[PDB]
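Chemist: here is the input, now give the coordinates:
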Amino acid sequence: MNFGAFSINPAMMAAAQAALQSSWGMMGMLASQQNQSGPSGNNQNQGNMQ
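Modeler: Residues are numbered from 1 along each chain as shown. Structure data below:
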């Protein structure tokens, strides 16, 4: 009973999240892919753990 005058749900936060994806969303993608490169070699003739 009674409408949600000032009471709201985090739907705007979700829409903002999608929009914030530029800074925040790609941040996780950028970090989680580990662009920093964990292996110190990479430029190595042999080294793929096989």
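Chemist: and stretch 36-44, how far from the chain's centre?
Modeler: 23 Å (C-alpha atoms, centre = their mean, to the nearest Å).
Chemist: neighbouring contacts of that stretch?
Modeler: The contact list for stretch 36-44 (C-beta atoms under 8 Å, 6 or more residues apart in numbering) reads residue 47. Quick note: C-beta positions are derived from backbone N, CA and C, even for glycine.
Chemist: got the CA positions of that stretch in PDB?
Modeler: Only the C-alpha atoms of stretch 36-44 are listed here, as PDB (Å, rounded to 0.1, in the frame of the first residue of the first chain):
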ATOM      1  CA  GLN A  36      50.600  -6.600 -17.700                       C
ATOM      2  CA  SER A  37      51.700 -10.100 -18.800                       C
ATOM      3  CA  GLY A  38      52.500 -12.500 -16.000                       C
ATOM      4  CA  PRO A  39      55.200 -14.600 -17.800                       C
ATOM      5  CA  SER A  40      58.400 -12.600 -17.900                       C
ATOM      6  CA  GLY A  41      59.500 -14.400 -21.100                       C
ATOM      7  CA  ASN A  42      56.800 -14.600 -23.800                       C
ATOM      8  CA  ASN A  43      59.500 -13.600 -26.300                       C
ATOM      9  CA  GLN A  44      61.100 -17.000 -25.800                       C
END
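Chemist: just the buried residues of stretch 26-38, please?
Modeler: Within stretch 26-38, no residue counts as buried by 16 or more other C-beta atoms under 10 Å.
Chemist: now do the same end-to-end measure for that stretch.
Modeler: 19 Å (C-alpha to C-alpha, to the nearest Å).
Chemist: and it, how far from the chain's centre?
Modeler: Relative to its chain's centre, stretch 26-38 lies at 9 Å (C-alpha atoms, centre = their mean).
Chemist: helix or strand next in line after the longest helix along the chain, which one?
Modeler: Assignment by DSSP state H gives helix 11-20 as the longest helix of the chain. Next in sequence after helix 11-20, counting helices and strands by DSSP states H and E, comes helix 26-32.
Chemist: good, wrapping up.
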